[PDB]
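Asker: Have a look at this one before I ask anything.
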Amino acid sequence: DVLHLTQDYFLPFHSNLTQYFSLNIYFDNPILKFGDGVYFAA
Amino acid sequence: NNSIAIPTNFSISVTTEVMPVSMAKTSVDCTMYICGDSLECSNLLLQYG
Ligand SMILES: *[C@@H]1O[C@H](CO)[C@@H](O[C@@H]2O[C@H](CO)[C@@H](O)[C@H](O)[C@H]2NC(C)=O)[C@H](O)[C@H]1NC(C)=O
Ligand SMILES: *[C@@H]1O[C@H](CO)[C@@H](O)[C@H](O)[C@H]1NC(C)=O
């Protein structure tokens with residue numbers, strides 16, 4: 001029950017992530033960039 | 001006990017009176033005065049939020 005304000009690393013709202021596919025008709029998994037944190041949704 | 005003074009002429013006088021009504025409206029920003037564009041100082045100001 002608190003409205004506390006933080007100041008840390010977050011994913012910014014309405015940001016544009018990159019889309020990586022795995023379709024057969026490809027297989028790509030490049031060396032990504034790990035900065036202060038990574039959001040990964042599969 | 002039997003004397004009175006009664007006027008015989010008049011005059012019209014226009015005087016002025018100066019009255020203040022309102023003063024200036026001011027606003028103060030907590031940031032940019034206590035911690036000016038400093039991320040280390042603004043990280044401590046939240047404890048005084
Ligand atoms: C009251 O005083 C005024 C002046 O403040 C008088 O007016 C003058 O009257 C005379 C004639 O009586 C005129 O010639 C003048 O031009 C008037 N004006 C001035 C500025 O002197 C007035 O008469 C007085 N009333 C009385 C004594 O009953
Ligand atoms: C969207 O992606 C573009 C690149 O196409 C990027 O410059 C931008 O910061 C992203 N976000 C918004 C909200 O436009």
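Following the order of the structure tokens, chains are lettered A, B, ..., residues in each are numbered from 1, and ligands are numbered from 1.
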Taking only C-alpha atoms and all ligand atoms and a cut-off of 12 Å, can you tell me which residues surround ligand 2, written as an MDAnalysis selection string?
Answerer: chainID A and resid 11:19
Asker: Deliver the residues from the most recent selection as a file, using C-alpha atoms, as an mmCIF file, in the first residue's frame.
Answerer:
data_model
loop_
_atom_site.group_PDB
_atom_site.id
_atom_site.type_symbol
_atom_site.label_atom_id
_atom_site.label_comp_id
_atom_site.auth_asym_id
_atom_site.auth_seq_id
_atom_site.Cartn_x
_atom_site.Cartn_y
_atom_site.Cartn_z
ATOM 1 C CA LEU A 11 12.430 -0.959 -20.293
ATOM 2 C CA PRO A 12 10.958 2.325 -21.597
ATOM 3 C CA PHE A 13 7.255 2.339 -22.367
ATOM 4 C CA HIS A 14 6.190 2.007 -26.027
ATOM 5 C CA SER A 15 9.720 1.130 -27.149
ATOM 6 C CA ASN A 16 10.464 -0.680 -30.411
ATOM 7 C CA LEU A 17 11.950 -4.144 -29.917
ATOM 8 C CA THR A 18 13.427 -6.209 -32.733
ATOM 9 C CA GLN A 19 11.616 -9.253 -34.126
#
Asker: For the interface of chain B with ligand 1 (cut-off 10 Å, counting only C-alpha atoms and all ligand atoms), please tabulate each contacting residue of chain B alongside its nearest pair of atoms and their separation in Å to one decimal, rows sorted by chain and increasing number, as CSV.
Answerer:
residue,atom,partner,partner_atom_place_in_ligand_line,distance
B:7,CA,ligand 1,28 (O),9.8
B:8,CA,ligand 1,28 (O),6.1
B:9,CA,ligand 1,1 (C),5.0
B:10,CA,ligand 1,1 (C),6.4
B:11,CA,ligand 1,5 (O),6.8
B:12,CA,ligand 1,5 (O),9.4
Asker: Hey, what's within 12 Å of residue 22 (chain A) if we count only C-alpha atoms and toss same-chain stuff fewer than 6 positions away? As a PyMOL selection string, please?
Answerer: chain A and resi 28-29+42
Asker: At a cut-off of 12 Å, using only C-alpha atoms, what residues contact residue 32 (chain A)? Leave out same-chain residues fewer than 5 positions from it and give the result as a list in words.
Answerer: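 Close residues of residue 32 (chain A): residues 18, 20, 37, 38, 39 and 40 of chain A.
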Asker: Enumerate, in order of chain and increasing residue number, the residues of chain B with an atom no farther than 12 Å from chain A, each with its shortest atom pair and distance in Å to one decimal, counting only C-alpha atoms, as a tab-separated table.
Answerer:
residue	atom	partner	partner_atom	distance
B:39	CA	A:7	CA	9.6
B:40	CA	A:7	CA	10.7
B:42	CA	A:7	CA	9.4
B:43	CA	A:7	CA	7.1
B:44	CA	A:7	CA	10.3
B:45	CA	A:5	CA	11.1
B:46	CA	A:5	CA	7.6
B:47	CA	A:5	CA	9.9
B:48	CA	A:5	CA	11.9
B:49	CA	A:5	CA	9.4
Asker: For the residues selected in the previous step, produce a file with C-alpha atoms as a PDB file, in the first residue's frame.
Answerer:
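So the final result, stored in selection32.pdb, reads:
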ATOM      1  CA  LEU B  39      21.474  12.527 -11.030  1.00  0.00           C
ATOM      2  CA  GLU B  40      23.350  11.804  -7.795  1.00  0.00           C
ATOM      3  CA  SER B  42      18.164  13.885  -7.395  1.00  0.00           C
ATOM      4  CA  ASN B  43      18.509  10.267  -6.243  1.00  0.00           C
ATOM      5  CA  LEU B  44      18.609  11.534  -2.639  1.00  0.00           C
ATOM      6  CA  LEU B  45      15.777  14.070  -2.942  1.00  0.00           C
ATOM      7  CA  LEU B  46      13.076  11.368  -3.050  1.00  0.00           C
ATOM      8  CA  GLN B  47      13.582  10.738   0.678  1.00  0.00           C
ATOM      9  CA  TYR B  48      12.350  14.329   1.151  1.00  0.00           C
ATOM     10  CA  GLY B  49       9.518  13.758  -1.326  1.00  0.00           C
TER      11      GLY B  49
END
Asker: Could you work out how far CA of residue 1 (chain A) lies from CA of residue 41 (chain B), giving the answer in Å with one decimal?
Answerer: 26.8 Å
